[PDB]
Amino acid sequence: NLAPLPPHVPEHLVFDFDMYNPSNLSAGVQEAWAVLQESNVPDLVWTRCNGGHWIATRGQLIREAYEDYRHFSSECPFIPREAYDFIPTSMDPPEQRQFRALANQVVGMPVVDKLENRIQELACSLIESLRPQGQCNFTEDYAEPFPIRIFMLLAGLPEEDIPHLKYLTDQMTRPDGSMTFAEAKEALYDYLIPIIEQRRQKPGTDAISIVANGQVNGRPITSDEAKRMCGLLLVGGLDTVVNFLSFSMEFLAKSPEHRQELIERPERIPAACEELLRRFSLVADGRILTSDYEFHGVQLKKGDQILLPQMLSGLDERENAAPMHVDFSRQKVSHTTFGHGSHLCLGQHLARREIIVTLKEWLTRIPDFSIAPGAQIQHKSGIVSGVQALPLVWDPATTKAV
């Protein structure tokens, strides 16, 4: 199912990469995407998969396109072109600036600094519950429960609401069929709306209270705007963190030498986090052309979609030498893992703290662990690439109890 080549697209630029099922997937998802950076592949290519779209394959072009919001609009940020209404995903500057500022009040650095110890306590509780078992599926047993619990903390929501909320967010990205995306989204709004209304009347210092009482265009934020922002604050931090933590733990389970480095020098963990963010980058979003535009010698047409994979910038050998090698001592770790330009991840500070806290606590309590005997780790590819499951094993006698 290749879409017919639009007549403005020259055949020599055609490379039929399928972002949802890349051909090299069993070799690892980052490796599968990195085929776009082989020397026979232009900086900018067209694929006929998934409706047909451009792909920028190099960090220079990926960065430039994210900077040039006048040409590359977020109005349609996903491939393929086909109910999504979260804020401020689909907004271009200048509409976007006010909403970002508000979201920044609830997940910005000062909030992350205040929450850090709570995040650690949560990580500790999860790890301690798994420690004596000598095994887990890390993706399911630690990664999945962790970010949703951090959201409940950030948003001041009771833990009793977790199973239902997690179900709704799971339906938006991995539907079992019980709910369409639109139904899942509306159920999420059914949940958030009463809470937003109550906290407009009786505010706390939690994220929902702050969003609900925010100001837009010199007037109060509307309930519709508030639910759409809260929805994004919820979903934006789930699959990205789950899968990223899984890539990192897979690598650490498989590379005892890198693991030992962090055991011996825990102070290097924040730098290691940055290098892992580069090597195991996982997002691939896009933009839509606002007008006909010649970009690096290539004629783009108004309405063309362009995939601008955040994942690829840091894997580009032009940005980082020997880019598939993990080296926690890199003097310059170049990446766009959290994006670039006006939509740069608002959760980047929270995410890094989640990653660093997880690694610190896991290496403290369970320093020696491996991939389960016999297991082969499977990746998945898409807008957020990921790990299907991560069976880990360890000897409880080598662990340190709480």
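Numbering starts at 1 and follows the sequence shown.
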| According to the entry, are there none, 1 to 3, 4 to 9, or 10 or more residues of the deposited sequence without coordinates between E82 and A83? | 1 to 3
| message | Which is higher on mean Cα B factor in this entry, 9 to 17 or 384 to 392? | response | 9 to 17
| remark: For 34 to 42 versus 60 to 68, entry-based mean Cα B-factors point to 34 to 42
| request: For the C-alpha B-factor as written in the entry, point me to the maximum among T240, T222, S73, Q120. | output: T222
| task | Pick out which of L233, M91, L282, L307 has the highest C-alpha B-factor in the PDB entry. | result | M91
| query | Of the three thirds of its chain by CA temperature factor, lowest, middle or highest, which one includes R318? | reply | middle
| message | Where does the C-alpha B-factor of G341 rank in its chain, lowest, middle or highest third? | response | lowest
| query | What third of its chain, lowest, middle or highest, does the C-alpha temperature factor of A351 fall into? | reply | lowest
| Where the record places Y293 (Cα B-factor, split into thirds across the chain) | middle
| When the modelled residues of the chain are sorted by Cα temperature factor, does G204 land in the lowest, middle or highest third? | highest
